[PDB]
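The primary structure of each chain is shown beneath.
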Amino acid sequence: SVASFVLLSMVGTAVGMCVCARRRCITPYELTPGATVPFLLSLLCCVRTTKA
Amino acid sequence: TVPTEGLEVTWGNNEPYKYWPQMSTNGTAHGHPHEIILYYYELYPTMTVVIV
Amino acid sequence: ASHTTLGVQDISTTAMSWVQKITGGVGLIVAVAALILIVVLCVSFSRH
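Rules of the game
A chain's residues are numbered here from 1, following its sequence as written, a convention that may not match the entry; residues for which no coordinates exist are omitted. Working convention: letters from A go to chains and numbers from 1 go to ligands, in the order in which they are written. The structure shown is incomplete relative to its larger assembly, and all values pertain to the part shown. Note that the side-chain values use all heavy atoms of the structure and ignore hydrogens as well as water. Only DSSP runs of H or I reaching four residues or more are called helices, and only runs of E reaching two or more are called strands; each is numbered from the N terminus. Exposed residues in this analysis have more than 50% of their type's maximum accessible area, buried residues have under 20%, and partly exposed residues fall in between, with area computed by a 1.4 Å probe over protein chains only. The contact criterion used throughout is that any non-hydrogen atoms of two residues lie within 4.5 Å. Note that accessible areas follow from Shrake-Rupley with a 1.4 Å probe, and for residues the cover is restricted to the protein chains shown. Count a disulfide wherever a pair of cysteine sulfur atoms falls within 2.5 Å. Each patch is built from residues lacking any salt bridge and having more than 30% relative accessible area; the joining distance is 9 Å for like charges and 5 Å for nonpolar side chains (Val, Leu, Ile, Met, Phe, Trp, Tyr). By definition, a salt bridge exists where a carboxyl oxygen of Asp or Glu is found within 4 Å of a side-chain nitrogen of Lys or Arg. When two components associate, each loses some accessible surface as probed by a 1.4 Å sphere; the sum of these losses over both components is called the buried area.

Determination of this PDB entry was carried out by cryo-EM to a resolution of 4.06 Å, according to the record.

Participant: How should I be thinking about the overall build of chain B in this particular structure?
Facilitator: Summing up its helical and strand segments, chain B has 1 helix and 2 strands in all. In terms of overall dimensions, chain B has a C-alpha envelope of 50 × 20 × 10 Å along the principal axes. Out of the 52 residues belonging to chain B, those deemed buried represent 8%. Once local pairs closer than 6 in sequence are excluded, the contacts in chain B between residues at least 24 apart make up 0%. Counting only carbon and sulfur atoms, one obtains 60% of the accessible surface of chain B, whose full area is about 4700 Å².

Participant: How should the state of the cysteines be read in this particular structure?
Facilitator: Here a disulfide denotes a covalent bond joining the sulfur atom of one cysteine to the sulfur atom of another. All names here are of chain A. One pass over the structure, following the stated rule, counts 1 disulfide over all chains. Between the sulfur atoms of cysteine 25 and its disulfide partner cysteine 46 the distance amounts to 2.0 Å. With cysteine 25 in helix 1 (residues 2–26) and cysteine 46 in the segment after helix 2 (38–44), this pair connects stretches of sequence that are 21 residues apart. A residue is classified by how much of its surface remains accessible, and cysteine 46, at 34% relative accessible area, is partly exposed. Free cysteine: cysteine 18, not disulfide-bonded; nearest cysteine sulfur from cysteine 46 at 8.8 Å. Its sulfur unpaired, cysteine 20 is 9.7 Å from the next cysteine sulfur, which belongs to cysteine 18. Looking at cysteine 20, the relative accessible area reads 44%, which means it is partly exposed.

Participant: Explain the arrangement of the chains here, please?
Facilitator: Of all 2 pairs of chains that touch, the greatest number of contacts is found between chains B and C. One finds no contact between chain A and chain B; the C-alpha atoms of the two approach each other to within 45 Å at their closest.

Participant: How should I be thinking about a nonpolar patch on the surface in this particular structure?
Facilitator: Judged by side-chain polarity, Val2, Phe5, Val6, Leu7, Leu8, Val11 and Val15 of chain A come together as a nonpolar surface patch covering roughly 720 Å² of accessible area. By secondary structure assignment, the location of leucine 7 of chain A is in helix 1.

Participant: For this particular structure, what's the right way to read the interface of chain C and chain B?
Facilitator: A common way to report how large an interface is uses the accessible area buried once the components associate. On the side of chain B, 5 residues touch chain C, which itself brings 5 residues to the contact. Summing both sides of the interface, chain C and chain B together bury roughly 490 Å²; the carbon and sulfur share of this comes to 62%. When the buried surface of chain C facing chain B is broken down by residue, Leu6, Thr13 and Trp18 of chain C rank first, second and third, together holding 52% of it. Taken together, chain C and chain B are joined by 0 salt bridges.

Participant: How do you make sense of unusual backbone geometry when you look at a structure like this?
Facilitator: Among all residues except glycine, the phi angle is most often negative; among peptide bonds, the trans geometry is most common. Residue and element names in this part refer to chain B. In this model, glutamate 35 sits at a positive phi of 45°, which is unusual for a non-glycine residue. Tracing the chain through its elements places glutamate 35 in the loop between strand 2 (17–19) and helix 1 (39–42). Of the residues examined, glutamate 35 reaches a relative accessible area of 27% and is grouped as partly exposed. Not every positive phi belongs to a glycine, and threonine 46 is a case in point at roughly 70°. With respect to the helices and strands, the residue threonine 46 is situated in the segment after helix 1.

Have a look at this one:
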């Protein structure tokens, strides 16, 4: 049971790294004045990529 | 006509004759043409050519 | 001779090799053409 526990904490840390990665998708491109980065979003494609 | 489950015929006072079919004299063995389908009639006539 | 009973999934020397020949799909590579279509479409197709 604690092995299932530690594996689900490994999935929890996967969730934590993914949510930190989505927050560090957002912090370079909040909605910069330029509001157009194909060179960012055309390579990253993490989440909600469609805003230029 | 003998089916795949055999046949029984009796005549007179003598013993009932059983009979059983077989995997025929000619078919089409392992050959360079298509040469299975005649064989694939010998087992299973009227069916499994339907999945062909 | 019931002991030589036969099911369906049965083996010739050559039948399944001709199946292996006739499983030569092309739908994979035309799906690859559909993928190159959707990624050229990614010019303005980046959310759906």
